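Before any questions on how it binds or moves, here is one chain, the form whose entry title says "closed form", in structure tokens.
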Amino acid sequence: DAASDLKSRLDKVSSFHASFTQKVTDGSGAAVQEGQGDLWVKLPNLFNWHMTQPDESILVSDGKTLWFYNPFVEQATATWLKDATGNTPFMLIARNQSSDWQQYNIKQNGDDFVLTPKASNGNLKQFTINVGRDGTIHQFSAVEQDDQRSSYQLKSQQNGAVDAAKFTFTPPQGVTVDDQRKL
């Protein structure tokens, strides 16, 4: 079905590099922010969303830990990546697991998909994505529990092995680290 069709199209492009424009709303239409950025993905769970405009930042997953670094405050936050599953759009695409797509109600129409959560086990209200049968993600968006909309419009995609270094992070000297990984 539409759920299996979605996992298959995404399996078409195991690793890639993409450029995106970000449009964030507020449920009230009044734009909250804007920006652009680069996205590196490597199925199963590696990804690196590196925004540049207006505020440069990095959300990188090494498969085990999720790192959020914002140089505008020497701040890096660390959480176990498993505690992040199904809470962000980058999470669902990166993971791209049957088990993930299962917890949603999906409606497809060509390359458009609209996913709505069945129960309550996440921070998302709605996730949409436009992916071609070739695995090419032209765009996707998300809506959190506070009706906030985050929409990403593709500009350029290049399937193919991605540099492994793009999926690692080491907190710099002098940077304040908030390691929320209980252990």
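Take the two forms, find the largest set of C-alpha atoms that superpose within 1.5 Å, and that set is the rigid core. Each residue number is its position in the shown sequence, starting from 1.
There is another form of this protein, the form whose entry title says "open form", and it is not shown here; the text below is about that form.
Once the cores line up, the CA of residue 79 ends up less than 2 angstroms apart between this form and the one not shown.
In the core-superposed comparison between this form and the one not shown, residue 101 has its Cα shifted by at least 2 Å. Core-aligned CA deviation for residue 37 between this form and the one not shown: less than 2 Å. Distance between the C-alpha atoms of residue 117 and residue 90: shorter by at least 3 Å in the other entry than in the displayed form. In contrast to the form presented, in the other entry the C-alpha positions of residue 90 and residue 151 spread farther apart by 3 Å or more.
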